[PDB]
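Quick setup: the structure tokens below cover two forms of a single protein chain, split into structure 1 and structure 2.
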Structure 1
């Protein structure tokens, strides 16, 4: 009928796992990274498939040339062997596109959250049941779509939250410092060009919720200055405001993707000296 689909926020999961597993102040090589990635995939694909989600799509963060969102906001998104990791991870990903039986969503200037957001939308409306593997609360924006569950890999629990509308609107109005997205109360590039004497004016929860439950209320509860910022942040926070062309590109990338026959798997594992895994290919 309609195959269950698991969408894995993979860039987050891989790195997050690496940070926790790879000790600080030690070199990270292509071998360590390969083991960790493939093992992470095995442990997660097993969770997905065991639940009826059999079509696995990996979504990667790619900011080599930046972010398509910077087209609207230039300010958007402006020890440990970080270099060693990214270096080896970028090379293992290419091996995934080559041998592994997964659709790897990888487009320059496109974020994993984009592919997920678009694909979760496309296939939820096509009658499929969708499992999002991620701890990112932002995906609660998609929990509104039918047959959409989210599984936090690290803490091994489900993500259940209408209260998602409030969550979304909060970031839309108050911004998200982690991405340099600013409040509507201040100038767009506040986080990038902030002077020391400055800080952001607060946003009353009443107004946030009022607008959240009814967005037409942004026209009356916000000033013209704040309402202009609102319309900006929408493209930066709300998945619905992902430009059609971006989604169109994402979908087309998914459609045209050619999977490698599972025969390449075994030969690959051995090639990479992963013999202690060729007996678990049935789990990939």
Structure 2
């Protein structure tokens, strides 16, 4: 079904990439209490109410082709194959209950819903989002990344990229200067939440530091310069700051995603198996989502 009133948008469809493993996990985290067994219906409801919410925003803004991007670390992330400390990061909440449940729901989404579910074992949600934004932003589409992950601010260098934070209800705003600079900060000073260290210390600094340890100060001057001429990495830096830098690029700058990976992702997506706008009504019932049939053209 699509007999409509959809006010004058654009040929090159507006697209909404959704950092899935955010909106589900961190919604579960604020919405579900301490050690009480998190059950599949608790999980499912959350995920669909959360999809609905977001989609309304996405569809009421110009963005119509929705994509759900999921972390798949089953065989280990590629970034973690290159650098074992990556996101290794070093309970009364039912982690396991939430997880076993959400895998089930993912499958159902792949199965019964109108969304490209980008999930490829070994690639992160960030890869899907980063890559697909590069492709389409250049191809003429308008893009909206739904996610509060500051790491995506580097993707704002690309035209017609806006970002919404599902949690805090603001627009994610470019943070000091340009995105080129923003990227170069996480490159040089590293990214604590991702376990990426400054280029002024060892690789696995965050995963191995002894107490007392501090990262040597990194002048902003150096950041701004290099950001404006990455040829300055060779001058402003030591030989080992510079190698640490080359290693941080892979880990942080999305431009450094292997090409092979960017095809593998776009291949999956071009050829994705999108199911019929009608299996929706028979999954709600299948599962127990009675209360939802009555608002469904909302997807």
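Numbering follows the first chain given and starts at 1. Here the rigid core means the biggest group of C-alpha atoms that line up within 1.5 Å when the two forms are laid on top of each other.
- Shown first, as structure 1, is the form solved without the DNA.
- The comparison between structure 1 and structure 2, aligned on the rigid core, picks out a single residue among 200, 140, 113, 124 whose CA moves by 2 Å or more, and that residue is 200.
- Annotation for residue 87: C-alpha shift under 2 angstroms between structure 1 and structure 2, rigid core superposed.
- Shown in the overlay between structure 1 and structure 2, fitted on the rigid core, is a CA shift at residue 210 of 2 Å or greater.
- Taking the rigid core as fixed, one finds a CA shift for residue 104 smaller than 2 Å between structure 1 and structure 2.
- Look at residue 258: with the core superposed, its C-alpha moves 1.3 Å between structure 1 and structure 2.
- Core superposition places the Cα of residue 18 0.1 Å apart between structure 1 and structure 2.
- On core superposition, residue 177 has its C-alpha offset by 3.3 angstrom between structure 1 and structure 2.
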